[PDB]
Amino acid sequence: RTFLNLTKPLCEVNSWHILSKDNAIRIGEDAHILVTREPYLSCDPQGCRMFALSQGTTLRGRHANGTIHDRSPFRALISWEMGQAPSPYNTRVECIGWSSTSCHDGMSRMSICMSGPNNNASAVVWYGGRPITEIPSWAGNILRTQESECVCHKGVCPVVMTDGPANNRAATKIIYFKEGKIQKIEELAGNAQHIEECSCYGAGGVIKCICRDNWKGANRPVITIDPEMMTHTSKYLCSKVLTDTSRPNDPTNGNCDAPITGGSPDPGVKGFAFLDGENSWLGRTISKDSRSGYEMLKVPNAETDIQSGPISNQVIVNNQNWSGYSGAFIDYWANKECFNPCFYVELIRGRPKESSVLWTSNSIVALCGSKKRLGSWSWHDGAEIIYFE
């Protein structure tokens, strides 16, 4: 056991293979499955786990009614063995709250959750399963964070947090942790105009966080973090291939340093990309308006070229099925000379798009890169809504 160092480059990726799928809604139709949303996966030296914000009720329970609501005193971050569906019997409570992140540094796991009222939230930072630090809201408006895993290097794990408006300038900070203790706090710098729900990974000693601009941009903000110097820079993804949801049609040219407006009717969704020159892949919903479908697009130089377009594609979820948030993770402890990109897609079921039921929940699908040319099919949730009526 030692601290993880981000000493390896990203593996070449040409295709995406299936890693895990929990079929939670299908199973939760009759088994005791907790309602969730905002899932992800995170790994450690022993393997990978799935994570999500429980709503403190089962899917078939009468308390599933009303779970469209994002914040309550009944939510908590829970983790479970990858592949299983989350039940009250197989899940570990990482922390209490309604927004979270988590990562392993090679020694222990840090987990963070925000809870409390809108104008007075606080974060609690846990390490090795114990509470270490507490951070009060600094802008009095829903202190909140990534909703996917953080990334560590030589013991130092940066985390992106925001507090302030969802539709206006907000106060974002990069907080650098070691064993759950604050090493440094920076205010967000650079040209990104709004930051939410960053999806982050590391490679070659560099951490990149592709985030959600909920205020103006249909293009995604990118923050580049040096976890050794504990400094960062920010801007937008340059590609004309817009990846936020509710975006206009892709334009002739993207914009590296300003948001591209437009889209209807959603201001944003969590998402991700892996940016590695020619070896760059962008995820997005297939629908430009809604959280339906999901596609991976290989867009060489998407980080630096406003003219970059797709040279290959892979449908992860067809546009006849619902998707949701998407984010990045990597099994940094794999026995490979490169760090292989993985991602998950949250498959939201229920409200508001399916209003024949009273609840909102999701299942999870996750895939990682392949150098091979693999065939594919749609990994939709798979549940029949009529069965819940």
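When you see a residue number, it is the position in the sequence shown, counting from 1.
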Greater mean Cα temperature factor according to the PDB record, 82-90 or 238-246 | 238-246
Would you determine, from the values in the PDB entry, which of 133-141 and 251-259 has the greater average C-alpha temperature factor?
-> 251-259
Can you tell me which of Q146, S111, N168, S308 has the highest Cα temperature factor in the record?
-> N168
Residue, from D331, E38, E337, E29, that the PDB entry assigns the highest Cα B-factor | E337
Looking at the C-alpha B-factor of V159, is it in the lowest, middle or highest third of its chain?
-> lowest
Which third, lowest, middle or highest, does the CA B-factor of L367 fall in along this chain?
-> lowest
Third of the chain, ranked by Cα B-factor, where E295 sits | middle
Is the Cα B-factor recorded for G190 in the lowest, middle or highest third of its chain?
-> middle
Can you work out whether the C-alpha temperature factor of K21 puts it in the lowest, middle or highest third of the chain?
-> lowest
